[PDB]
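Contents: one structure, followed by commentary.
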């Protein structure tokens, strides 16, 4: 019955930094992992980084490393991502979950609403 | 009720072997395992032995490898033990216990060098 | 990891057959296939459909079923309804670089 | 796995409550036993693992605590033991005992 | 955990209670005599080796009851010998590789008489064990119970050499 929400639509002039967050409620936030993914029209979907609040361990791919980092708030559920050294990245940012707490589905479940990060 | 009895104090020269006898009665000696606890005079306690009277397979603790023998006898109702290698640091008493945690205990033995 | 897939013409309310081809198949000892399968509509958020291989999730109907093979992938729909249309995805667990599909949209 | 305990020496008065605690790391579970030592006698058991008063004492002895913290609290003390209190865990093959705490009264 | 039986039987994992059907091959040793050898029939595989590793243990609330009365057993949990009316907690075993790995346990019996033992009817209860697991990530625990079921009509020799 739970749902995910993020933030409002933003338009940013090139050369600046942008902040988009994810908010969760209705379950324990300590155990489930956090993954963030982007989709673009005409290009395939690909996820940026893997973060877990239990150990604060950051895994990133080689191509998107040095662009952004992922952090979650332990007191209340909130996901952080700050874009740095920005061009033409006008797409949609999502926040996703991860399963398999002991013997469950173990897939990309619970997907949130859509936003827009346009650039000029 | 069940009781535990054991031998009195025995002194040994350095670099020798000593045997201590623990005797039991009442309960079945075949069914129940054996424990051993080392007590230095006022410096806490350690955990050492773990023997089965049915066979001879023993589970030691890490700090000693060949320093103990832990021989068990199953016909005269007398659980035995053997200590190999004697120095000044081994002068402490040893206890007898039954595995139901550590309920019934023995008396002790003043082993000196 | 490079992966290749629109869709064939589909008869109204019969079946759909789309395939996922891998540059390197995944069969490891116990003989289970590691795939992932998604569904989305325009505007509304995507939802999960199939995990591992023919394992149902949440409260979706049981009509979604597929066939497993090392070099070929298959999945079939039985009934076509208004919200059944859209674009379907495909994902594999290729170690640390997980990669999703390029998309495949069903049409009439 | 280690066993360290804090209070050591306490007090020399009759009537008030006392607190004895043992501290362990790497999260041992509900398998800790408490029993006392008399200066000239063989030790005897008091409480089982977690909280469970064993047969052999009708006095007020109640234990509590779970996770990594375990402590013992008793309401009244009179004509009791002079020696020490020891705590014993049941987790793996190398059983290890804590240090000593002395109560006078 | 997705353990399977060598006869093709898969076990449930969501629920606490479960049943396994294992045949028996009794034989006599110099000191004791094995009754159930599970180091071949039961073996497990894990999932996702890169992120999550697993550990499994058993507590002291195990019993030998059923048709047979309580005896003094001997258990090898990939190590030394423990009494089967368990009074302690086992050491930890770890799973990591995706390939199948055996889960070695043994079940013995202490001889009381030189003649023989009771017969085992095909389809009964043998022993009850409880297991609890912990992860590399989550700090909580999840425990469940297993009871072994009889599949073969065999006898137990107890002590001596059973000749027929």
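Protein chains in written order, with our numbering: chain P, 1 to 120; chain C, 1001 to 1113; chain W, 2001 to 2108; chain L, 3001 to 3105; chain X, 4001 to 4164.
From the three backbone atoms N, C-alpha and C, an ideal C-beta is built for every residue, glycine too.
Identity of the residue in the options nearest residue i by Cα
i, options, result
"residue 2090 of chain W", "W:2062, W:2075, W:2096, W:2031", "W:2075"
"residue 3062 of chain L", "L:3013, L:3101, L:3017", "L:3017"
"residue 4057 of chain X", "X:4132, X:4032, X:4147", "X:4132"
"residue 3009 of chain L", "L:3019, L:3001, L:3002, L:3015", "L:3019"
"residue 4167 of chain X", "X:4062, X:4035, X:4048, X:4077", "This structure gives no information on residue 4167 of chain X, because the portion of chain X shown stretches from 4001 to 4164."
"residue 4129 of chain X", "X:4020, X:4081, X:4061", "X:4061"
"residue 3081 of chain L", "L:3095, L:3024, L:3041", "L:3041"
"residue 2037 of chain W", "P:117, P:18, P:114, P:107", "P:107"
"residue 1025 of chain C", "C:1101, C:1074, C:1093, C:1113", "C:1074"
"residue 4048 of chain X", "W:2047, W:2045, W:2052, W:2046", "W:2052"
"residue 49 of chain P", "P:95, P:87, P:101", "P:95"
"residue 82 of chain P", "P:113, P:7, P:21", "P:21"
Reduced DSSP secondary structure (H/G/I, E/B, other) of residue i
i, result
"residue 4005 of chain X", "strand"
"residue 2072 of chain W", "coil"
"residue 4099 of chain X", "coil"
"residue 2083 of chain W", "helix"
"residue 1099 of chain C", "coil"
"residue 65 of chain P", "coil"
"residue 1089 of chain C", "helix"
"residue 1111 of chain C", "coil"
"residue 2092 of chain W", "strand"
"residue 4020 of chain X", "strand"
"residue 4160 of chain X", "coil"
"residue 157 of chain P", "The displayed coordinates of chain P run from 1 to 120. Any statement about residue 157 of chain P would go beyond what the structure contains."
"residue 3104 of chain L", "coil"
"residue 2065 of chain W", "strand"
"residue 102 of chain P", "coil"
"residue 36 of chain P", "strand"
"residue 2005 of chain W", "coil"
"residue 2032 of chain W", "coil"
"residue 2053 of chain W", "coil"
"residue 46 of chain P", "strand"
"residue 4061 of chain X", "coil"
"residue 3052 of chain L", "coil"
"residue 4108 of chain X", "coil"
Whole-angstrom distance between residue j and residue i, CA atom to CA atom
i, j, result
"residue 1021 of chain C", "residue 1010 of chain C", "11 Å"
"residue 4160 of chain X", "residue 4106 of chain X", "20 Å"
"residue 2981 of chain L", "residue 4089 of chain X", "What the structure shows of chain L is the stretch from 3001 to 3105, and residue 2981 of chain L is not part of that stretch, so it cannot be assessed."
"residue 42 of chain P", "residue 2104 of chain W", "12 Å"
"residue 4045 of chain X", "residue 4099 of chain X", "6 Å"
"residue 4002 of chain X", "residue 109 of chain P", "22 Å"
"residue 1068 of chain C", "residue 1083 of chain C", "5 Å"
"residue 1053 of chain C", "residue 2034 of chain W", "52 Å"
"residue 24 of chain P", "residue 34 of chain P", "11 Å"
"residue 3007 of chain L", "residue 1077 of chain C", "43 Å"
"residue 90 of chain P", "residue 4142 of chain X", "45 Å"
"residue 1050 of chain C", "residue 4082 of chain X", "10 Å"
"residue 2012 of chain W", "residue 2108 of chain W", "7 Å"
"residue 1039 of chain C", "residue 1092 of chain C", "6 Å"
"residue 2017 of chain W", "residue 2080 of chain W", "13 Å"
"residue 4013 of chain X", "residue 4004 of chain X", "11 Å"
"residue 4041 of chain X", "residue 4021 of chain X", "9 Å"
"residue 4113 of chain X", "residue 4163 of chain X", "15 Å"
"residue 2070 of chain W", "residue 2025 of chain W", "6 Å"
"residue 1018 of chain C", "residue 1060 of chain C", "18 Å"
Residues sharing a beta bridge with residue i, DSSP
i, result
"residue 4034 of chain X", "Per DSSP, none; premise fails for residue 4034 of chain X."
"residue 1057 of chain C", "DSSP lists no partner for residue 1057 of chain C."
"residue 3037 of chain L", "L:3084"
"residue 2047 of chain W", "W:2039"
"residue 1078 of chain C", "C:1023"
"residue 3063 of chain L", "L:3072"
"residue 4054 of chain X", "X:4095, X:4135"
"residue 4149 of chain X", "X:4021, X:4125"
"residue 3023 of chain L", "L:3004, L:3069"
"residue 2021 of chain W", "W:2004"
"residue 1105 of chain C", "C:1097"
beta-carbon residue i near the ligand NAD non-hydrogen atom, thresh 6 Å
i, result
"residue 62 of chain P", "You won't find the ligand NAD in this model; it holds no ligand whatsoever."
Using a Cβ-Cβ cut-off of less than 9 Å, list which residues of the region 4075 to 4108 of chain X approach chain L; keep chain order. 4079, 4080, 4087, 4088, 4089, 4090, 4091, 4092
Pull out every residue of the region 2022 to 2043 of chain W whose Cβ sits closer than 8 Å to any Cβ of chain X, in chain order. 2028, 2029, 2030
Short-range partners of chain L found in the region 1054 to 1074 of chain C, where Cβ spacing is below 8 Å: 1059, 1061, 1062
If the cut-off is 8 Å on Cβ atoms, which residues from the region 1021 to 1046 of chain C count as contacting chain X, listed in chain order? 1030, 1031, 1032, 1033
Identify each residue in the region 1083 to 1105 of chain C for which the Cβ-Cβ distance to at least one residue of chain L is less than 7 Å, and report them in chain order. 1101, 1102, 1103, 1105
Cβ-based contacts, 9 Å cut-off: residues of the region 2090 to 2106 of chain W near chain P: 2091, 2096, 2097, 2098, 2099, 2100, 2101, 2102, 2103
Please name the residues in the region 4007 to 4025 of chain X whose beta-carbon is closer than 9 Å to at least one beta-carbon of chain P, in chain order. 4013, 4014
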